[PDB]
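1. experimental structure and sequence below, a few questions after.
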Amino acid sequence: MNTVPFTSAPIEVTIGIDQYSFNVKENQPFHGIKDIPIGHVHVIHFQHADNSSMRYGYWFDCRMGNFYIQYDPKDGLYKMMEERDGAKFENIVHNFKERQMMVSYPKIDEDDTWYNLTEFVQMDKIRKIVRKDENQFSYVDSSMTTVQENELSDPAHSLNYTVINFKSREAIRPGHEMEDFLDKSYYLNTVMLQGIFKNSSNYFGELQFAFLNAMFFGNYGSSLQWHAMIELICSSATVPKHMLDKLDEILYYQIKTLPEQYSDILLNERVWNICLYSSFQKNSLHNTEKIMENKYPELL
Amino acid sequence: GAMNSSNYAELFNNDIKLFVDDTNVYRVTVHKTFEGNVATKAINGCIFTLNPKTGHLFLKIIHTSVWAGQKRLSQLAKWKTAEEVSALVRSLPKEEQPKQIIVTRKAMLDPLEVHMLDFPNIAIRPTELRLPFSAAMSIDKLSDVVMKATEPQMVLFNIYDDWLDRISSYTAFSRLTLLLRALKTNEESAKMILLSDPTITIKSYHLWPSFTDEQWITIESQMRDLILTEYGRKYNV
């Protein structure tokens, strides 16, 4: 069990931790979050009571350092920082928890939800998408753009997702034009799986990272990336049987955790009808199909 | 973006562009089998690729052999169209390659786009116009050369004959599409109108008769009248 203390809470904000969140009032004595499960990545995120737009947050892993939150009144946001002094850190944490000014990470033990959403998300792979290597944690907000969105402007703040494009030389072998664009298997298995991602777990990890950025920050470019990574599999007649069965689990839990009221911007009607009813893989997403139908029959 | 009545005079500026009509690529007759089932027989077809400024027609004849042993033919026809258009483009010297290709049917965008990937600077565009290029096979000489062909083969034509020697592309293009509009809506009568007078002939190197300027007026008016008559009949107006 690990802890993320907060120096203070100068402004009224809604704090989120993974899929949990709490209201914190301006200058309420709030000093952090305790009992965070070691072993997964986590993300802590903020929505000021004043500015309902820009949700922003930090991806992190406690195994990689002792991390803490201080509000910066010049920049006007909660910042994640690393305390390098081992002793001085356990000292602040012990004091605040003895003062009990900390909320507990509220995990029901039947619940494998966070694990299911983050199974393939590695912190090292996150820091290649949010390149800022002076920090062991990664900042994301509502407004950041992806690299593919930058092709069609500041690369420091880019989400460096893997570029997928069905109508590109990368995706289409000369002479197999028709075959490759109806059956993406080539593009998935050789170019993407064996070429770029090396294995299905890094693929799935980016897919899942992309979903969570869409969900927690309504990052519109993350939403695009997530659907593209889904379309590519579902549009492939030849997929490792293990990857199909994992994908059905991954989507189930993503569709399950999504807020009911956001189904309109976060779910692309075309992709989902194509994956569930038109694609090669229509018959291979039994769990995801069933949840989609009973919960969002409208979109289909 | 899409071509419609607004951006209509663009066809006649000096940017090379071609229309691609795929409607006569995959042609079948439908018949009954001995057991009573229905079967299709394919006949030869044609890709209709036209430069509307100059009249240069690149008629790529599609031999029935191309379908032999193939499934989902109406889908394949679209891909063979794009393969053949791309090959036409690659075969043209650079200064002659089009800057835009306008497909007459939206379903052709994705095959063409995928086939033109080596020409990112050629824009593939749809159109909202209702062009009558399907009636290309109602022009006797084009239907003939398609039907006689015994192998894949490209045949060059100028679809305007020698009209540009006396009129503008805009006008040329309007005569053409009027004549084909009429041919689509009532072939028997349209053809009656073009050939009634045996003293106006078609030059061996031409597709249409050698009407005088005065005679082209009478013809365009008869085409017009036919089209409006046929519309009345279709809708009871």
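-> Right, received. Where do you want to start? Residues are numbered from 1 along each chain as shown, chains lettered A, B, ... in the order given.
2. just checking, next helix/strand downstream of the helix or strand containing residue A:124?
-> Using DSSP states H and E, residue A:124 sits within helix A:123-129. Of the helices and strands lying after helix A:123-129 in sequence (DSSP H and E), the nearest is strand A:138-141.
3. burial of the residue in chain B that chain A sits nearest to, as a residue count?
-> Using C-beta to the nearest C-beta, the single residue of chain B nearest to chain A is residue B:79, 4.0 Å away. From N, CA and C alone the C-beta is placed, and that goes for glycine too. Residue B:79: 21 surrounding residues under other C-beta atoms under 10 Å in any protein chain shown.
4. repeat for the one 4 residues further on
-> Residue crowding around residue B:83 was assessed by other C-beta under 10 Å; the count is 18.
5. tell me which element the residue located most distally from the centre of chain A is part of?
-> Here chain A reaches farthest from its C-alpha mean at residue A:175, the gap being 37.4 Å by C-alpha atoms, centre = their mean. For residue A:175, there is no host helix or strand (DSSP H and E).
6. roughly how far does it sit from residue B:86?
-> Distance, residue A:175 to residue B:86, by C-beta to C-beta, to the nearest Å: 11 Å.
7. what does chain B have sitting close to chain A?
-> Counting by C-beta under 8 Å from any C-beta of the partner chain, the residues of chain B close to chain A are B:76, B:79, B:82-83, B:110-111, B:113-115, B:117-118.
8. buried subset of those residues?
-> Applying 16 or more other C-beta atoms under 10 Å in any protein chain shown to the residues of chain B next to chain A, the neighbour count classes B:76, B:79, B:82-83, B:110-111, B:113-115, B:117 as buried.
9. in TSV: the residues you listed, plus secondary structure.
-> Shown next, in TSV, are these (DSSP: H, G, I helix; E, B strand; the rest coil):
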residue	secondary structure
B:76	helix
B:79	helix
B:82	helix
B:83	helix
B:110	helix
B:111	helix
B:113	helix
B:114	helix
B:115	helix
B:117	coil
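10. just the residues contacting the helix of greatest length in chain B, thanks.
-> Using DSSP state H, we find that the single longest helix of chain B is helix B:213-235. Contact with helix B:213-235 is made by B:166, B:175, B:178-179, B:181-182, B:185-186, B:189-190, B:193-194, B:200, B:211, B:237, as judged by C-beta atoms under 8 Å, 6 or more residues apart in numbering or on different chains.
11. phi and psi next, for the spatially most central residue of chain B.
-> Most central in chain B under C-alpha atoms, centre = their mean is residue B:133, positioned 3.6 Å from the mean C-alpha point. When read as degrees, to the nearest 10, the backbone of residue B:133 gives phi -60, psi -10.
12. wait, it touches residue B:23, no?
-> Yes - taking contacts as C-beta atoms under 8 Å, residue B:133 lies within contact range of residue B:23: 6.8 Å.
13. what touches both of those two?
-> B:48, B:104.
14. leaving out sequence neighbours, find the closest residue to residue A:166.
-> Residue nearest to residue A:166 in three dimensions, not counting chain neighbours: residue A:181, with 6.6 Å by C-beta to C-beta, 6 or more residues apart in numbering or on different chains.
15. around the one you found, how many other residues sit close by?
-> For residue A:181, the count of nearby residues is 21 (other C-beta under 10 Å).
16. where's it, which helix or strand?
-> According to DSSP H and E, residue A:181 maps onto helix A:177-182.
17. how deep is the spatially closest residue to residue A:200 that is not a sequence neighbour tucked in, by neighbour count?
-> Spatial nearest neighbour of residue A:200, excluding adjacent residues (C-beta to C-beta, 6+ apart): residue A:243 at 4.9 Å. Neighbourhood size, residue A:243 [other C-beta under 10 Å]: 20.
18. what's the answer for residue A:41, then?
-> 25.
19. with residue A:183 instead?
-> Neighbours around residue A:183, by other C-beta under 10 Å: 16.
20. how about the nearest residue to it once chain neighbours are set aside, what does it touch?
-> Nearest residue to residue A:183, sequence neighbours excluded (C-beta to C-beta, 6+ apart): residue A:237, at 4.9 Å. Residue A:237 sits next to A:183, A:185, A:280 when contact means C-beta under 8 Å, 6+ apart.
21. if we go to 10 Å?
-> Residue A:237 is in contact with A:182-185, A:188, A:279-281, counting by C-beta atoms under 10 Å, 6 or more residues apart in numbering or on different chains.
22. ok, residue B:182 next?
-> For residue B:182, the contact set (C-beta under 10 Å, 6+ apart) comprises B:132, B:135, B:138, B:189-191, B:193-194, B:219-220, B:222-227, B:230.
23. which of those are buried?
-> Neighbour counting with 16+ other C-beta under 10 Å marks B:132, B:135, B:138, B:189-190, B:193-194, B:219-220, B:222-223, B:226-227, B:230 as buried within the contacts of residue B:182.
24. so residue A:257 makes contact with residue A:250?
-> No - Residue A:257 lies out of contact with residue A:250 (C-beta atoms under 10 Å); the separation is 11.3 Å.
25. what is in contact with these two at once?
-> Shared contacts of residue A:257 and residue A:250 (C-beta under 10 Å, 6+ apart): A:116-117, A:211.
26. kindly reformat those as a markdown table containing secondary structure.
-> Listed next are those as a markdown table, based on three-state DSSP:
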| residue | secondary structure |
| --- | --- |
| A:116 | helix |
| A:117 | helix |
| A:211 | helix |
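27. list just the nearest of those to residue A:90.
-> Nearest to residue A:90 out of the shared contacts of residue A:257 and residue A:250 is residue A:117 (C-beta to C-beta; 30.0 Å).
28. what count of nearby residues applies to the closest one?
-> For residue A:117, using other C-beta under 10 Å, the count is 23.
29. what do you get for residue A:94?
-> As a burial measure, residue A:94 scores 11 neighbours (other C-beta under 10 Å).
30. against chain B, how distant is it?
-> 62 Å (C-beta to the nearest C-beta, to the nearest Å).
31. ok so, going back, filter the contacts of residue A:237 down to the buried ones.
-> Going by neighbour count (16+ other C-beta under 10 Å), those have A:183-185, A:188, A:279-281 buried.
32. let's have these in TSV, adding secondary structure.
-> TSV is the format used below for those (three-state DSSP):
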residue	secondary structure
A:183	coil
A:184	coil
A:185	helix
A:188	helix
A:279	coil
A:280	coil
A:281	coil
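33. rewinding a little: sec struct for the residue nearest to residue A:200, please.
-> At residue A:243 the chain is in helix, as set by three-state DSSP.
34. and residue A:5, by the same measure?
-> Criterion first, three-state DSSP; result for residue A:5: strand.
35. any idea how far chain B is from residue A:211?
-> Going from residue A:211 to chain B by C-beta to the nearest C-beta gives 27 Å.
36. now do that residue: how many residues are near it, please.
-> Per other C-beta under 10 Å, the neighbour tally for residue A:211 reads 27.
37. and residue B:112, its phi and psi?
-> Dihedral angles (degrees, to the nearest 10) for residue B:112: phi -60, psi -50.
38. right, and it touches residue B:20 too?
-> Yes - with contacts counted by C-beta under 10 Å, residue B:112 reaches residue B:20, the gap being 7.2 Å.
39. what's the overlap in contacts for these two?
-> Joint contacts of residue B:112 and residue B:20 (C-beta under 10 Å, 6+ apart) are B:81-82, B:85, B:101, B:103, B:124.
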